[PDB]
>>> print(open('entry_33.cif').read())   # mmCIF, C-alpha atoms and all ligand atoms
data_target
#
loop_
_atom_site.label_atom_id
_atom_site.label_comp_id
_atom_site.auth_asym_id
_atom_site.auth_seq_id
_atom_site.Cartn_x
_atom_site.Cartn_y
_atom_site.Cartn_z
CA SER A 1 16.21 -16.90 -0.36
CA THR A 2 14.53 -14.13 -2.36
CA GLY A 3 11.28 -13.43 -4.17
CA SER A 4 10.25 -11.09 -6.96
CA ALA A 5 6.73 -10.41 -8.19
CA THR A 6 5.20 -7.95 -10.59
CA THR A 7 2.52 -5.64 -9.25
CA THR A 8 -0.08 -4.23 -11.67
CA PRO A 9 -2.48 -1.26 -11.40
CA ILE A 10 -6.11 -2.36 -11.09
CA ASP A 11 -7.35 0.44 -13.36
CA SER A 12 -6.28 3.37 -15.53
CA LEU A 13 -5.91 5.68 -12.49
CA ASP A 14 -3.57 3.49 -10.42
CA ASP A 15 -6.22 3.33 -7.69
CA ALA A 16 -4.46 0.28 -6.25
CA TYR A 17 -2.01 -2.41 -7.30
CA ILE A 18 -2.46 -6.19 -7.34
CA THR A 19 0.23 -8.83 -7.03
CA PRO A 20 -0.32 -12.55 -7.69
CA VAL A 21 0.09 -14.78 -4.62
CA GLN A 22 0.11 -18.59 -4.52
CA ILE A 23 -1.82 -20.11 -1.61
CA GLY A 24 -2.14 -23.78 -0.74
CA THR A 25 -1.41 -27.10 -2.41
CA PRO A 26 -2.00 -27.31 -5.32
CA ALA A 27 -1.49 -23.58 -5.64
CA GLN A 28 -4.51 -21.29 -5.74
CA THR A 29 -3.41 -17.96 -7.23
CA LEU A 30 -5.13 -14.86 -5.87
CA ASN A 31 -4.41 -11.23 -6.73
CA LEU A 32 -3.73 -9.41 -3.49
CA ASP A 33 -3.27 -5.76 -2.57
CA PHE A 34 0.12 -5.52 -0.83
CA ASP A 35 -0.43 -3.05 1.98
CA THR A 36 2.43 -1.62 4.03
CA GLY A 37 -0.21 0.14 6.15
CA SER A 38 -1.76 -3.03 7.64
CA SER A 39 -0.70 -6.43 8.93
CA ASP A 40 -3.37 -9.00 7.99
CA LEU A 41 -3.21 -11.37 5.01
CA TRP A 42 -6.87 -11.96 4.26
CA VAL A 43 -8.68 -13.38 1.26
CA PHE A 44 -12.05 -13.82 -0.35
CA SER A 45 -12.86 -17.47 0.22
CA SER A 46 -15.34 -20.29 -0.08
CA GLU A 47 -16.56 -19.10 3.35
CA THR A 48 -17.37 -15.55 2.20
CA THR A 49 -21.10 -14.73 2.32
CA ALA A 50 -22.19 -15.49 -1.27
CA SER A 51 -23.99 -12.20 -1.91
CA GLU A 52 -20.75 -10.38 -0.96
CA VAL A 53 -18.67 -12.05 -3.69
CA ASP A 54 -18.85 -10.46 -7.16
CA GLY A 55 -16.16 -11.61 -9.56
CA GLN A 56 -13.26 -12.12 -7.12
CA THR A 57 -11.19 -15.26 -7.14
CA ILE A 58 -11.69 -17.20 -3.91
CA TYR A 59 -9.45 -19.36 -1.73
CA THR A 60 -11.03 -22.74 -0.95
CA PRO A 61 -9.13 -24.26 1.98
CA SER A 62 -10.90 -27.65 1.65
CA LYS A 63 -9.10 -28.02 -1.73
CA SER A 64 -5.65 -27.41 -0.22
CA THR A 65 -3.86 -30.43 1.25
CA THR A 66 -1.65 -28.15 3.36
CA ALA A 67 -4.46 -26.00 4.83
CA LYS A 68 -5.20 -26.36 8.54
CA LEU A 69 -7.88 -24.55 10.54
CA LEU A 70 -6.30 -22.37 13.21
CA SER A 71 -8.76 -23.48 15.85
CA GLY A 72 -10.58 -20.72 17.70
CA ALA A 73 -8.92 -17.89 15.79
CA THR A 74 -10.91 -15.00 14.37
CA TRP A 75 -10.07 -11.65 12.82
CA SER A 76 -11.82 -8.37 12.12
CA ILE A 77 -10.38 -5.24 10.56
CA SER A 78 -11.49 -1.74 9.56
CA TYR A 79 -9.60 0.48 7.14
CA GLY A 80 -9.20 4.23 6.73
CA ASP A 81 -11.73 4.39 3.89
CA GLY A 82 -14.45 2.95 6.12
CA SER A 83 -14.24 -0.53 4.60
CA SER A 84 -13.97 -3.70 6.68
CA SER A 85 -13.83 -7.49 6.66
CA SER A 86 -13.76 -10.36 9.16
CA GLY A 87 -13.70 -14.14 9.45
CA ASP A 88 -11.67 -17.13 10.63
CA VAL A 89 -8.10 -18.33 10.04
CA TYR A 90 -6.21 -21.14 8.35
CA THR A 91 -2.50 -21.78 8.12
CA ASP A 92 -1.22 -22.74 4.70
CA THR A 93 1.74 -22.43 2.36
CA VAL A 94 2.00 -19.01 0.73
CA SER A 95 4.40 -18.06 -2.05
CA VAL A 96 5.16 -14.66 -3.54
CA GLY A 97 7.36 -14.42 -6.61
CA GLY A 98 9.12 -17.71 -5.82
CA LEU A 99 9.54 -17.06 -2.07
CA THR A 100 7.65 -19.59 0.04
CA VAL A 101 6.45 -19.44 3.65
CA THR A 102 4.95 -22.52 5.28
CA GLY A 103 2.45 -22.11 8.11
CA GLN A 104 1.40 -18.60 7.09
CA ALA A 105 -1.80 -17.34 8.68
CA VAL A 106 -4.33 -16.95 5.86
CA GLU A 107 -7.34 -15.07 7.14
CA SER A 108 -10.48 -16.28 5.41
CA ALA A 109 -13.26 -13.71 5.02
CA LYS A 110 -16.75 -14.65 6.11
CA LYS A 111 -17.87 -11.02 5.64
CA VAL A 112 -16.59 -8.10 3.57
CA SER A 113 -17.97 -4.57 3.23
CA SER A 114 -19.56 -3.23 0.06
CA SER A 115 -16.47 -1.54 -1.34
CA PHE A 116 -14.60 -4.84 -1.34
CA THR A 117 -17.50 -6.65 -3.02
CA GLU A 118 -17.75 -3.88 -5.61
CA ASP A 119 -14.09 -4.19 -6.62
CA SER A 120 -13.80 -7.40 -8.62
CA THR A 121 -10.04 -6.95 -9.15
CA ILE A 122 -8.85 -7.33 -5.52
CA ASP A 123 -9.06 -10.85 -4.05
CA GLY A 124 -7.71 -9.79 -0.64
CA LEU A 125 -4.88 -7.96 1.12
CA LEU A 126 -1.36 -8.89 2.10
CA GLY A 127 -0.24 -6.77 5.04
CA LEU A 128 3.35 -5.60 5.28
CA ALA A 129 3.22 -3.29 8.31
CA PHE A 130 4.50 -4.55 11.68
CA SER A 131 2.95 -7.70 13.11
CA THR A 132 1.90 -5.80 16.24
CA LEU A 133 -1.08 -4.52 14.18
CA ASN A 134 -2.28 -8.00 13.18
CA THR A 135 -5.91 -8.46 14.25
CA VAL A 136 -6.09 -12.24 14.79
CA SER A 137 -7.49 -13.16 18.21
CA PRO A 138 -6.77 -14.70 20.66
CA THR A 139 -3.29 -15.41 19.24
CA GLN A 140 -1.84 -12.61 17.11
CA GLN A 141 -0.24 -13.78 13.85
CA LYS A 142 2.82 -12.71 11.91
CA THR A 143 2.95 -11.07 8.50
CA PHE A 144 4.31 -12.83 5.43
CA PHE A 145 7.46 -10.68 5.64
CA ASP A 146 8.03 -11.38 9.32
CA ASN A 147 7.66 -15.11 8.70
CA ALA A 148 10.01 -14.97 5.68
CA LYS A 149 12.61 -12.63 7.15
CA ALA A 150 15.02 -15.10 8.74
CA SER A 151 15.23 -17.03 5.45
CA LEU A 152 15.85 -13.99 3.27
CA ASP A 153 19.31 -13.11 1.93
CA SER A 154 18.77 -9.65 3.51
CA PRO A 155 15.88 -8.70 5.84
CA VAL A 156 14.26 -6.27 3.40
CA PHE A 157 11.56 -5.84 0.84
CA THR A 158 11.30 -3.15 -1.83
CA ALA A 159 8.39 -1.42 -3.52
CA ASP A 160 8.83 -0.14 -7.06
CA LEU A 161 5.36 0.97 -8.12
CA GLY A 162 4.73 2.12 -11.68
CA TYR A 163 2.89 5.18 -12.93
CA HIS A 164 0.12 3.83 -15.18
CA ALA A 165 2.33 0.74 -15.60
CA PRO A 166 3.36 -2.46 -13.79
CA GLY A 167 6.09 -2.43 -11.15
CA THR A 168 7.78 -4.84 -8.76
CA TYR A 169 7.85 -6.06 -5.17
CA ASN A 170 11.15 -7.74 -4.26
CA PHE A 171 11.88 -9.68 -1.07
CA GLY A 172 15.34 -10.29 0.31
CA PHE A 173 17.45 -8.18 -2.05
CA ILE A 174 17.90 -4.69 -3.43
CA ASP A 175 17.94 -4.54 -7.24
CA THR A 176 20.66 -1.99 -7.92
CA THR A 177 19.50 -1.66 -11.55
CA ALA A 178 16.02 -0.45 -10.50
CA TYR A 179 16.90 3.08 -9.35
CA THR A 180 19.14 6.02 -10.20
CA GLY A 181 21.72 7.64 -7.93
CA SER A 182 21.85 6.49 -4.31
CA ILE A 183 19.32 5.30 -1.76
CA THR A 184 18.83 7.68 1.18
CA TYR A 185 17.88 5.91 4.38
CA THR A 186 15.85 7.55 7.12
CA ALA A 187 14.74 6.55 10.64
CA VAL A 188 11.54 4.65 11.34
CA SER A 189 9.35 4.59 14.42
CA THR A 190 7.39 1.36 14.91
CA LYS A 191 5.46 2.74 17.91
CA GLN A 192 2.15 2.83 15.99
CA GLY A 193 2.92 -0.37 14.03
CA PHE A 194 3.58 1.50 10.78
CA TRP A 195 6.59 2.33 8.63
CA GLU A 196 6.50 5.80 10.16
CA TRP A 197 9.20 8.32 9.25
CA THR A 198 9.81 12.09 9.06
CA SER A 199 10.14 13.90 5.76
CA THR A 200 12.43 16.94 5.82
CA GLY A 201 10.11 19.21 3.80
CA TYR A 202 8.61 19.99 0.43
CA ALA A 203 8.51 22.15 -2.68
CA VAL A 204 5.72 22.95 -5.11
CA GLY A 205 6.68 22.95 -8.79
CA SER A 206 9.86 24.94 -9.36
CA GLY A 207 9.43 26.76 -6.04
CA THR A 208 11.87 26.97 -3.17
CA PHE A 209 12.18 24.03 -0.80
CA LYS A 210 10.49 24.53 2.57
CA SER A 211 12.41 22.82 5.36
CA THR A 212 9.87 21.41 7.79
CA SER A 213 9.40 18.08 9.56
CA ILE A 214 6.44 16.06 8.32
CA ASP A 215 5.84 12.81 10.21
CA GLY A 216 3.94 10.24 8.17
CA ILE A 217 3.70 6.63 7.06
CA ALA A 218 4.87 4.86 3.91
CA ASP A 219 1.62 3.14 2.88
CA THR A 220 1.36 1.18 -0.36
CA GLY A 221 -2.30 0.40 0.41
CA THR A 222 -3.38 4.07 0.29
CA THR A 223 -3.87 5.61 -3.16
CA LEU A 224 -3.20 9.28 -2.48
CA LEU A 225 -0.75 11.55 -0.69
CA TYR A 226 -2.29 12.97 2.53
CA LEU A 227 -0.38 15.90 4.08
CA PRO A 228 -1.02 18.79 6.50
CA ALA A 229 -3.60 21.32 5.34
CA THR A 230 -0.98 24.08 5.14
CA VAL A 231 1.12 22.05 2.67
CA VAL A 232 -1.87 20.96 0.60
CA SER A 233 -3.19 24.53 0.35
CA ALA A 234 0.22 25.73 -0.82
CA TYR A 235 0.16 23.09 -3.56
CA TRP A 236 -3.33 23.71 -4.89
CA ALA A 237 -2.89 27.50 -4.77
CA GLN A 238 -0.62 27.01 -7.79
CA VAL A 239 -3.42 25.49 -9.88
CA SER A 240 -5.90 28.00 -11.35
CA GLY A 241 -9.44 27.14 -10.34
CA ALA A 242 -8.50 24.43 -7.83
CA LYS A 243 -10.62 24.40 -4.67
CA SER A 244 -11.60 22.17 -1.78
CA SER A 245 -15.06 20.73 -2.26
CA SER A 246 -16.83 19.40 0.81
CA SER A 247 -19.42 17.74 -1.45
CA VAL A 248 -16.80 15.83 -3.45
CA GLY A 249 -14.62 15.21 -0.39
CA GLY A 250 -11.38 17.00 -1.21
CA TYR A 251 -9.51 19.22 -3.59
CA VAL A 252 -10.69 19.24 -7.16
CA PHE A 253 -9.26 21.09 -10.13
CA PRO A 254 -10.15 21.87 -13.73
CA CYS A 255 -9.39 18.91 -15.96
CA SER A 256 -7.86 21.44 -18.41
CA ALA A 257 -5.06 22.22 -15.93
CA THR A 258 -1.42 21.29 -16.19
CA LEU A 259 -0.42 20.27 -12.66
CA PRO A 260 2.86 21.30 -11.02
CA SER A 261 5.20 18.70 -9.57
CA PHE A 262 5.52 18.15 -5.81
CA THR A 263 8.88 17.43 -4.14
CA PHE A 264 9.33 15.80 -0.75
CA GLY A 265 12.50 15.56 1.29
CA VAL A 266 14.17 12.41 2.53
CA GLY A 267 17.06 13.66 4.62
CA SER A 268 19.11 15.86 2.32
CA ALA A 269 17.69 14.05 -0.75
CA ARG A 270 14.63 14.97 -2.79
CA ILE A 271 11.94 12.89 -4.48
CA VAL A 272 10.00 14.64 -7.26
CA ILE A 273 6.41 13.59 -7.97
CA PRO A 274 5.55 14.72 -11.53
CA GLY A 275 2.37 16.73 -11.88
CA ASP A 276 0.66 14.05 -13.97
CA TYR A 277 0.90 11.63 -11.02
CA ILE A 278 -1.41 13.97 -9.08
CA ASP A 279 -4.31 13.74 -11.59
CA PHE A 280 -7.02 11.27 -10.58
CA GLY A 281 -9.36 12.13 -13.40
CA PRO A 282 -12.97 13.30 -13.59
CA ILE A 283 -14.91 13.26 -10.32
CA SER A 284 -17.73 11.48 -12.18
CA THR A 285 -17.90 10.22 -15.74
CA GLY A 286 -17.86 13.08 -18.23
CA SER A 287 -17.12 15.81 -15.67
CA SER A 288 -14.59 18.54 -16.35
CA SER A 289 -13.79 18.66 -12.61
CA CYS A 290 -10.86 16.36 -11.73
CA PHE A 291 -9.92 14.86 -8.36
CA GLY A 292 -6.57 15.76 -6.86
CA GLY A 293 -3.91 13.28 -5.79
CA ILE A 294 -2.67 15.40 -2.89
CA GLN A 295 -5.25 15.83 -0.14
CA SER A 296 -5.40 17.06 3.43
CA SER A 297 -4.68 14.65 6.27
CA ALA A 298 -6.57 16.90 8.73
CA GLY A 299 -9.50 14.49 9.14
CA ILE A 300 -7.21 11.43 9.47
CA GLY A 301 -4.82 12.00 12.38
CA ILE A 302 -1.72 10.93 10.46
CA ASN A 303 0.06 11.96 7.28
CA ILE A 304 0.18 9.25 4.62
CA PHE A 305 2.77 8.86 1.88
CA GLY A 306 0.52 6.69 -0.29
CA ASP A 307 1.00 5.46 -3.83
CA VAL A 308 1.15 8.97 -5.37
CA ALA A 309 4.38 9.58 -3.46
CA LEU A 310 5.78 6.04 -3.38
CA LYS A 311 5.42 5.43 -7.12
CA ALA A 312 7.85 8.32 -7.71
CA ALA A 313 10.56 6.37 -5.85
CA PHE A 314 12.28 3.06 -5.35
CA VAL A 315 11.46 2.34 -1.70
CA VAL A 316 13.34 0.02 0.63
CA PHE A 317 11.52 -1.35 3.67
CA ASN A 318 14.44 -2.43 5.82
CA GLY A 319 13.31 -4.89 8.48
CA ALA A 320 16.62 -5.23 10.26
CA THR A 321 16.64 -5.23 14.08
CA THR A 322 16.33 -1.43 13.92
CA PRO A 323 14.08 -0.87 10.91
CA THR A 324 14.67 1.98 8.45
CA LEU A 325 13.24 3.23 5.15
CA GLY A 326 15.22 3.97 2.03
CA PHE A 327 14.20 6.16 -0.92
CA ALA A 328 15.83 6.53 -4.33
CA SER A 329 14.81 8.31 -7.51
CA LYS A 330 14.25 6.10 -10.54
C1 LIG B 1 -12.19 -1.38 -0.60
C2 LIG B 1 -10.70 -1.48 -0.53
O1 LIG B 1 -10.05 -2.11 -1.35
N1 LIG B 1 -10.13 -0.83 0.52
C3 LIG B 1 -8.77 -0.81 0.93
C4 LIG B 1 -7.81 -1.65 0.39
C5 LIG B 1 -6.51 -1.61 0.87
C6 LIG B 1 -6.17 -0.72 1.87
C7 LIG B 1 -7.11 0.14 2.41
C8 LIG B 1 -6.73 1.12 3.50
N2 LIG B 1 -5.86 2.14 2.91
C9 LIG B 1 -8.41 0.08 1.93
#
>>> encode(input="entry_33.cif", output="structure tokens")
Amino acid sequence: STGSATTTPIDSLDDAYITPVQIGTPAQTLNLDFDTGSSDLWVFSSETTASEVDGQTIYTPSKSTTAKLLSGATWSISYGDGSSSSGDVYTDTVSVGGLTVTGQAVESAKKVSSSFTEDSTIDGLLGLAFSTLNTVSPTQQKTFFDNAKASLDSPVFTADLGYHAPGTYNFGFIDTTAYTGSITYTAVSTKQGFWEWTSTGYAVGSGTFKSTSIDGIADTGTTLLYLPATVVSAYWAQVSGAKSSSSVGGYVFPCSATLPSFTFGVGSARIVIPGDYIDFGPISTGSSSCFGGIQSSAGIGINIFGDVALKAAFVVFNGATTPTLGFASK
């Protein structure tokens, strides 16, 4: 089997992407944030504290004839931005782009933090990291991909995120029309539960390529590109007036700037992120100070190839017995 679904930016900045997901019988369609940096499929629901729901579409398990309470199971998760959610668990039928999994753990939120409430466009998350990170207790649950894998034509999914435009998540096949040139595959460590790999270096604008190993994760659920402070300083040094602002929480630059591209290495291959992808717009409405799309990972503990990087590529998440990642230009 295969599946194919369109993923759409939630706003004009590509702050996140939402993908429609069918849950239950009859189908309830929710728009979920597909997140290769986590491993829980959780949703706003009829159980979510009422004051914490503001415009999201909710899953109502009592209206699904295939929903079953997973007795005794609970979940609780915290994310890198300080947000969090928790609740109980149902199993139900879940379909993405025509690919159906029966008995999928659907984690129903009883509580969500303010940032989730405040974002009316995201109805929940669909985790696509390794199932070892799943938070359900006392019995850990599998991701949608892990559950689907054995049925897929090939044990893979692909992310093809758009810049200020829709893109595609495919399951079970590689669309050879969706990229240019070849796909370069690189080793993955699953030791931390992530799609963790090592980039071979970087270049800023038209500058020379610096060969250096940068370990990081391919994370569709993170907006920006988080890299070592040395790399990030080298980038922003090429933008007149750019500086790190502790009050804003990262590098900012004059909105009048033209940003240089940023290249990252995948083996001997190179992925070029155009400068415009690195502009996240005014820091507050009407400001002439703009927020940068490349930021330091120093406070985080891990480098993160978030949407800024991934959207510049066609990315293969190869879930074969020894997983790997593939990157192509597009
Ligand atoms: C408030 C909100 O939507 N946070 C979120 C979503 C998806 C992933 C992560 C972690 N990178 C955080």
>>> atom_distance(input="entry_33.cif", atom1="atom CA of residue A:131", atom2="atom CA of residue A:314")
23.3 Å
>>> closest_atom_pairs(input="entry_33.cif", of="chain A", to="ligand LIG 1 (chain B)", cutoff="10 Å", atoms="all atoms listed in the file", output="Markdown table")
| residue | atom | partner | partner_atom | distance |
| --- | --- | --- | --- | --- |
| A:15 | CA | B:LIG1 | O1 | 9.2 |
| A:16 | CA | B:LIG1 | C5 | 7.6 |
| A:17 | CA | B:LIG1 | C5 | 9.4 |
| A:32 | CA | B:LIG1 | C5 | 9.4 |
| A:33 | CA | B:LIG1 | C5 | 6.3 |
| A:34 | CA | B:LIG1 | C5 | 7.9 |
| A:35 | CA | B:LIG1 | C6 | 6.2 |
| A:36 | CA | B:LIG1 | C6 | 8.9 |
| A:37 | CA | B:LIG1 | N2 | 6.8 |
| A:38 | CA | B:LIG1 | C6 | 7.6 |
| A:78 | CA | B:LIG1 | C8 | 8.2 |
| A:79 | CA | B:LIG1 | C8 | 4.7 |
| A:80 | CA | B:LIG1 | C8 | 5.1 |
| A:81 | CA | B:LIG1 | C9 | 5.8 |
| A:82 | CA | B:LIG1 | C9 | 7.9 |
| A:83 | CA | B:LIG1 | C1 | 5.7 |
| A:84 | CA | B:LIG1 | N1 | 7.8 |
| A:85 | CA | B:LIG1 | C1 | 9.6 |
| A:112 | CA | B:LIG1 | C1 | 9.1 |
| A:113 | CA | B:LIG1 | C1 | 7.6 |
| A:114 | CA | B:LIG1 | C1 | 7.6 |
| A:115 | CA | B:LIG1 | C1 | 4.3 |
| A:116 | CA | B:LIG1 | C1 | 4.3 |
| A:117 | CA | B:LIG1 | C1 | 7.9 |
| A:118 | CA | B:LIG1 | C1 | 7.9 |
| A:119 | CA | B:LIG1 | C1 | 6.9 |
| A:120 | CA | B:LIG1 | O1 | 9.7 |
| A:121 | CA | B:LIG1 | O1 | 9.2 |
| A:122 | CA | B:LIG1 | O1 | 6.8 |
| A:123 | CA | B:LIG1 | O1 | 9.2 |
| A:124 | CA | B:LIG1 | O1 | 8.1 |
| A:125 | CA | B:LIG1 | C5 | 6.6 |
| A:126 | CA | B:LIG1 | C5 | 9.0 |
| A:127 | CA | B:LIG1 | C6 | 9.0 |
| A:219 | CA | B:LIG1 | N2 | 7.5 |
| A:220 | CA | B:LIG1 | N2 | 8.0 |
| A:221 | CA | B:LIG1 | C6 | 4.3 |
| A:222 | CA | B:LIG1 | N2 | 4.1 |
| A:223 | CA | B:LIG1 | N2 | 7.3 |
| A:224 | CA | B:LIG1 | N2 | 9.3 |
| A:304 | CA | B:LIG1 | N2 | 9.5 |
| A:306 | CA | B:LIG1 | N2 | 8.5 |
>>> residues_around(input="entry_33.cif", residues="residue A:284", least_positions_apart="6", cutoff="12 Å", atoms="all atoms listed in the file", output="mmCIF file with C-alpha atoms, in the coordinates of the input")
data_model
loop_
_atom_site.group_PDB
_atom_site.id
_atom_site.type_symbol
_atom_site.label_atom_id
_atom_site.label_comp_id
_atom_site.auth_asym_id
_atom_site.auth_seq_id
_atom_site.Cartn_x
_atom_site.Cartn_y
_atom_site.Cartn_z
ATOM 1 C CA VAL A 248 -16.800 15.830 -3.450
ATOM 2 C CA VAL A 252 -10.690 19.240 -7.160
ATOM 3 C CA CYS A 255 -9.390 18.910 -15.960
ATOM 4 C CA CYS A 290 -10.860 16.360 -11.730
ATOM 5 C CA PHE A 291 -9.920 14.860 -8.360
#
>>> residues_near_point(input="entry_33.cif", point="(1.0, 18.3, 8.9)", cutoff="9 Å", atoms="all atoms listed in the file", output="PDB file with C-alpha atoms, in the frame of the given file")
ATOM      1  CA  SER A 213       9.400  18.080   9.560  1.00  0.00           C
ATOM      2  CA  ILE A 214       6.440  16.060   8.320  1.00  0.00           C
ATOM      3  CA  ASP A 215       5.840  12.810  10.210  1.00  0.00           C
ATOM      4  CA  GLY A 216       3.940  10.240   8.170  1.00  0.00           C
ATOM      5  CA  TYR A 226      -2.290  12.970   2.530  1.00  0.00           C
ATOM      6  CA  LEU A 227      -0.380  15.900   4.080  1.00  0.00           C
ATOM      7  CA  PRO A 228      -1.020  18.790   6.500  1.00  0.00           C
ATOM      8  CA  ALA A 229      -3.600  21.320   5.340  1.00  0.00           C
ATOM      9  CA  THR A 230      -0.980  24.080   5.140  1.00  0.00           C
ATOM     10  CA  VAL A 231       1.120  22.050   2.670  1.00  0.00           C
ATOM     11  CA  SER A 296      -5.400  17.060   3.430  1.00  0.00           C
ATOM     12  CA  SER A 297      -4.680  14.650   6.270  1.00  0.00           C
ATOM     13  CA  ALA A 298      -6.570  16.900   8.730  1.00  0.00           C
ATOM     14  CA  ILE A 302      -1.720  10.930  10.460  1.00  0.00           C
ATOM     15  CA  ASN A 303       0.060  11.960   7.280  1.00  0.00           C
TER      16      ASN A 303
END
>>> closest_residue(input="entry_33.cif", among="A:177, A:244, A:147, A:182", to="residue A:99", atoms="only C-alpha atoms")
A:147
>>> closest_residue(input="entry_33.cif", among="A:69, A:225, A:43, A:23", to="residue A:273", atoms="only C-alpha atoms")
A:225
>>> closest_residue(input="entry_33.cif", among="A:305, A:163, A:175, A:257", to="residue A:196", atoms="all atoms listed in the file")
A:305
>>> atom_distance(input="entry_33.cif", atom1="atom CA of residue A:206", atom2="atom CA of residue A:293")
18.4 Å
>>> residues_near_point(input="entry_33.cif", point="(-3.6, -27.7, -5.9)", cutoff="8 Å", atoms="all atoms listed in the file", output="PyMOL selection string")
chain A and resi 24-28+63-65
>>> write_last_selection(input="entry_33.cif", atoms="C-alpha atoms", output="compact mmCIF listing (two decimals), in the frame of the given file")
# COMPACT_ATOMS: atom_id res chain seq x y z
CA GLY A 24 -2.14 -23.78 -0.74
CA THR A 25 -1.41 -27.10 -2.41
CA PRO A 26 -2.00 -27.31 -5.32
CA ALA A 27 -1.49 -23.58 -5.64
CA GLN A 28 -4.51 -21.29 -5.74
CA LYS A 63 -9.10 -28.02 -1.73
CA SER A 64 -5.65 -27.41 -0.22
CA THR A 65 -3.86 -30.43 1.25
>>> closest_residue(input="entry_33.cif", among="A:188, A:183, A:30, A:101", to="residue A:149", atoms="all atoms listed in the file")
A:101
>>> atom_distance(input="entry_33.cif", atom1="atom CA of residue A:141", atom2="atom CA of residue A:153")
22.9 Å
>>> closest_residue(input="entry_33.cif", among="A:140, A:240, A:168, A:108", to="residue A:59", atoms="only C-alpha atoms")
A:108
>>> residues_around(input="entry_33.cif", residues="residue A:97", least_positions_apart="2", cutoff="6 Å", atoms="all atoms listed in the file", output="mmCIF file with C-alpha atoms, keeping the file's coordinate frame")
data_model
loop_
_atom_site.group_PDB
_atom_site.id
_atom_site.type_symbol
_atom_site.label_atom_id
_atom_site.label_comp_id
_atom_site.auth_asym_id
_atom_site.auth_seq_id
_atom_site.Cartn_x
_atom_site.Cartn_y
_atom_site.Cartn_z
ATOM 1 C CA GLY A 3 11.280 -13.430 -4.170
ATOM 2 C CA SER A 4 10.250 -11.090 -6.960
ATOM 3 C CA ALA A 5 6.730 -10.410 -8.190
ATOM 4 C CA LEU A 99 9.540 -17.060 -2.070
#
>>> closest_residue(input="entry_33.cif", among="A:75, A:42, A:280, A:197", to="residue A:295", atoms="all atoms listed in the file")
A:280
>>> build_atoms(input="entry_33.cif", residues="stretch 290-303 of chain A", atoms="N, CA and C atoms", output="PDB file, in the coordinates of the input")
ATOM      1  N   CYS A 290     -11.746  17.513 -11.967  1.00  0.00           N
ATOM      2  CA  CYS A 290     -10.860  16.360 -11.730  1.00  0.00           C
ATOM      3  C   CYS A 290     -10.472  16.273 -10.252  1.00  0.00           C
ATOM      4  N   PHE A 291     -10.273  15.058  -9.761  1.00  0.00           N
ATOM      5  CA  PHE A 291      -9.920  14.860  -8.360  1.00  0.00           C
ATOM      6  C   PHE A 291      -8.416  14.893  -8.150  1.00  0.00           C
ATOM      7  N   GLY A 292      -7.982  15.622  -7.130  1.00  0.00           N
ATOM      8  CA  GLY A 292      -6.570  15.760  -6.860  1.00  0.00           C
ATOM      9  C   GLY A 292      -5.926  14.592  -6.118  1.00  0.00           C
ATOM     10  N   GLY A 293      -4.641  14.380  -6.393  1.00  0.00           N
ATOM     11  CA  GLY A 293      -3.910  13.280  -5.790  1.00  0.00           C
ATOM     12  C   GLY A 293      -3.179  13.610  -4.508  1.00  0.00           C
ATOM     13  N   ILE A 294      -3.196  14.895  -4.152  1.00  0.00           N
ATOM     14  CA  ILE A 294      -2.670  15.400  -2.890  1.00  0.00           C
ATOM     15  C   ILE A 294      -3.866  15.975  -2.135  1.00  0.00           C
ATOM     16  N   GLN A 295      -4.096  15.469  -0.927  1.00  0.00           N
ATOM     17  CA  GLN A 295      -5.250  15.830  -0.140  1.00  0.00           C
ATOM     18  C   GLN A 295      -4.842  16.071   1.298  1.00  0.00           C
ATOM     19  N   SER A 296      -5.696  16.765   2.039  1.00  0.00           N
ATOM     20  CA  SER A 296      -5.400  17.060   3.430  1.00  0.00           C
ATOM     21  C   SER A 296      -5.541  15.834   4.325  1.00  0.00           C
ATOM     22  N   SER A 297      -4.591  15.679   5.249  1.00  0.00           N
ATOM     23  CA  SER A 297      -4.680  14.650   6.270  1.00  0.00           C
ATOM     24  C   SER A 297      -5.445  15.111   7.510  1.00  0.00           C
ATOM     25  N   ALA A 298      -5.987  16.331   7.502  1.00  0.00           N
ATOM     26  CA  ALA A 298      -6.570  16.900   8.730  1.00  0.00           C
ATOM     27  C   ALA A 298      -7.647  16.010   9.363  1.00  0.00           C
ATOM     28  N   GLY A 299      -8.507  15.391   8.568  1.00  0.00           N
ATOM     29  CA  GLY A 299      -9.500  14.490   9.140  1.00  0.00           C
ATOM     30  C   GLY A 299      -8.998  13.128   9.629  1.00  0.00           C
ATOM     31  N   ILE A 300      -7.749  12.787   9.307  1.00  0.00           N
ATOM     32  CA  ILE A 300      -7.210  11.430   9.470  1.00  0.00           C
ATOM     33  C   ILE A 300      -6.448  11.177  10.770  1.00  0.00           C
ATOM     34  N   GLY A 301      -5.631  12.140  11.179  1.00  0.00           N
ATOM     35  CA  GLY A 301      -4.820  12.000  12.380  1.00  0.00           C
ATOM     36  C   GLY A 301      -3.391  11.562  12.102  1.00  0.00           C
ATOM     37  N   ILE A 302      -3.065  11.313  10.836  1.00  0.00           N
ATOM     38  CA  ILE A 302      -1.720  10.930  10.460  1.00  0.00           C
ATOM     39  C   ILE A 302      -1.507  11.326   9.010  1.00  0.00           C
ATOM     40  N   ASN A 303      -0.284  11.715   8.670  1.00  0.00           N
ATOM     41  CA  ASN A 303       0.060  11.960   7.280  1.00  0.00           C
ATOM     42  C   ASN A 303       0.406  10.634   6.599  1.00  0.00           C
TER      43      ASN A 303
END
